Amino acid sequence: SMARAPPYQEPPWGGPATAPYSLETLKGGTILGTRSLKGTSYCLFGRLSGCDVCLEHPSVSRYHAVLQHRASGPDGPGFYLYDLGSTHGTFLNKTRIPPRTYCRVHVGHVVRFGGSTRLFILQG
(Lines of atoms letter the chains of each structure in order from A and count residues from 1; the text may use other names and numbers.)
(Lines give C-alpha, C1' and ligand atoms only; values in the text may rest on other atoms or scores of the structure.)
Protein backbone atom coordinates (compact mmCIF):
# COMPACT_ATOMS: atom_id res chain seq x y z
CA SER A 1 0.00 0.00 0.00
CA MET A 2 1.02 3.67 -0.52
CA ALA A 3 2.67 5.14 2.59
CA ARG A 4 0.28 7.53 4.36
CA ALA A 5 1.04 11.23 4.45
CA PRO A 6 1.89 12.93 7.74
CA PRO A 7 -1.34 14.29 9.34
CA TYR A 8 -0.17 17.92 9.37
CA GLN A 9 1.85 20.41 7.25
CA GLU A 10 3.45 23.25 9.19
CA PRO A 11 2.28 26.56 7.55
CA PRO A 12 4.85 29.10 6.25
CA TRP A 13 4.21 31.43 9.20
CA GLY A 14 5.16 28.72 11.76
CA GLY A 15 8.36 28.70 13.79
CA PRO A 16 9.86 27.66 17.12
CA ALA A 17 8.82 29.24 20.42
CA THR A 18 11.86 31.13 21.91
CA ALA A 19 10.13 32.48 25.08
CA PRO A 20 9.60 30.13 28.12
CA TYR A 21 5.94 29.22 27.54
CA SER A 22 4.64 25.86 28.80
CA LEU A 23 1.63 23.57 28.95
CA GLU A 24 0.43 22.60 32.44
CA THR A 25 -1.72 19.49 32.74
CA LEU A 26 -4.71 19.25 35.05
CA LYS A 27 -6.64 16.08 35.69
CA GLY A 28 -9.94 16.24 37.64
CA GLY A 29 -9.03 19.14 39.92
CA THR A 30 -5.42 17.97 40.34
CA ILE A 31 -2.38 19.78 38.92
CA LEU A 32 -0.05 17.22 37.24
CA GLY A 33 3.07 18.10 35.20
CA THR A 34 4.37 20.87 32.98
CA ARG A 35 5.75 20.52 29.43
CA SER A 36 8.06 23.28 28.11
CA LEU A 37 7.13 24.78 24.71
CA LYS A 38 10.59 26.41 24.27
CA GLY A 39 12.03 25.26 20.95
CA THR A 40 8.63 23.78 19.87
CA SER A 41 7.26 24.85 16.42
CA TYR A 42 4.10 22.76 16.89
CA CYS A 43 2.77 20.12 19.23
CA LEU A 44 0.73 17.23 17.77
CA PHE A 45 -1.85 15.65 20.13
CA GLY A 46 -3.58 12.33 19.60
CA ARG A 47 -3.99 8.72 20.62
CA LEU A 48 -1.25 7.39 18.25
CA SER A 49 2.14 6.80 19.94
CA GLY A 50 3.75 8.93 17.19
CA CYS A 51 2.07 12.10 18.55
CA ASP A 52 4.10 14.64 20.53
CA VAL A 53 1.52 14.25 23.38
CA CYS A 54 -0.01 10.78 23.45
CA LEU A 55 -3.51 10.70 24.99
CA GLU A 56 -4.96 7.39 26.12
CA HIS A 57 -8.72 8.05 26.19
CA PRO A 58 -10.44 6.03 23.35
CA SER A 59 -12.60 9.10 22.44
CA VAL A 60 -9.42 10.98 21.35
CA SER A 61 -8.68 10.78 17.63
CA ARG A 62 -5.55 8.90 16.47
CA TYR A 63 -4.34 12.34 15.17
CA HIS A 64 -6.46 14.86 17.01
CA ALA A 65 -5.15 18.45 17.02
CA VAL A 66 -2.10 20.62 16.75
CA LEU A 67 -0.94 23.59 18.87
CA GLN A 68 0.99 25.69 16.32
CA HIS A 69 3.37 28.50 17.22
CA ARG A 70 3.69 31.51 14.91
CA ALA A 71 7.36 32.43 14.12
CA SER A 72 8.62 35.05 16.47
CA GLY A 73 9.39 38.45 15.03
CA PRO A 74 12.92 39.79 15.58
CA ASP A 75 11.82 41.47 18.92
CA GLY A 76 1.27 38.55 22.94
CA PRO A 77 2.59 35.11 21.86
CA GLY A 78 1.17 33.52 18.77
CA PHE A 79 -0.18 30.05 19.60
CA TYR A 80 -3.01 28.61 17.53
CA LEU A 81 -5.05 25.48 17.92
CA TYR A 82 -5.90 23.47 14.81
CA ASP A 83 -8.31 20.52 15.07
CA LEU A 84 -7.52 17.72 12.53
CA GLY A 85 -11.18 16.86 11.89
CA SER A 86 -11.42 15.03 15.22
CA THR A 87 -14.31 12.67 15.81
CA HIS A 88 -15.20 14.02 19.27
CA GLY A 89 -13.94 17.61 19.11
CA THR A 90 -11.34 20.03 20.43
CA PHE A 91 -12.38 22.49 23.14
CA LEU A 92 -10.85 25.91 23.80
CA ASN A 93 -12.18 26.99 27.26
CA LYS A 94 -15.92 25.93 26.83
CA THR A 95 -16.11 26.23 23.00
CA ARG A 96 -15.83 23.34 20.51
CA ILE A 97 -13.66 24.81 17.78
CA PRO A 98 -14.36 24.36 14.05
CA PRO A 99 -12.20 21.72 12.38
CA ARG A 100 -9.12 22.67 10.35
CA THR A 101 -9.29 26.34 11.44
CA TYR A 102 -6.49 28.14 13.33
CA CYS A 103 -7.91 29.45 16.62
CA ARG A 104 -5.82 31.74 18.79
CA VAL A 105 -4.95 30.34 22.21
CA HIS A 106 -4.45 33.24 24.57
CA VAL A 107 -2.17 32.64 27.58
CA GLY A 108 -4.00 30.94 30.46
CA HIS A 109 -6.65 29.44 28.15
CA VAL A 110 -7.62 25.75 28.62
CA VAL A 111 -7.63 23.05 25.97
CA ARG A 112 -9.42 19.68 26.12
CA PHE A 113 -9.45 16.90 23.50
CA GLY A 114 -12.59 14.76 23.04
CA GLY A 115 -13.61 13.01 26.23
CA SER A 116 -10.04 12.99 27.69
CA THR A 117 -10.05 14.07 31.39
CA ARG A 118 -6.79 16.01 30.90
CA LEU A 119 -6.94 19.77 30.58
CA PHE A 120 -3.94 21.64 29.15
CA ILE A 121 -3.24 25.20 30.24
CA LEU A 122 -1.03 27.49 28.16
CA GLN A 123 1.24 29.29 30.64
CA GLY A 124 3.74 32.11 30.65
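All residue numbers refer to positions in the sequence shown, first residue = 1.
Going from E56 to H57, you skip over nothing: the modelled chain follows the deposited sequence without a break. Of the two segments, 98 to 106 and 18 to 26, the one listed with the higher mean B-factor is 18 to 26 (C-alpha atoms only).
For the pair 114 to 122 and 1 to 9, the mean B factor over Cα atoms is greater in 1 to 9. When the Cα B-factors of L32, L92, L48, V66 are read from the PDB record, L32 comes out highest. Sort the modelled residues of the chain by CA B factor and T40 lands in the middle third.
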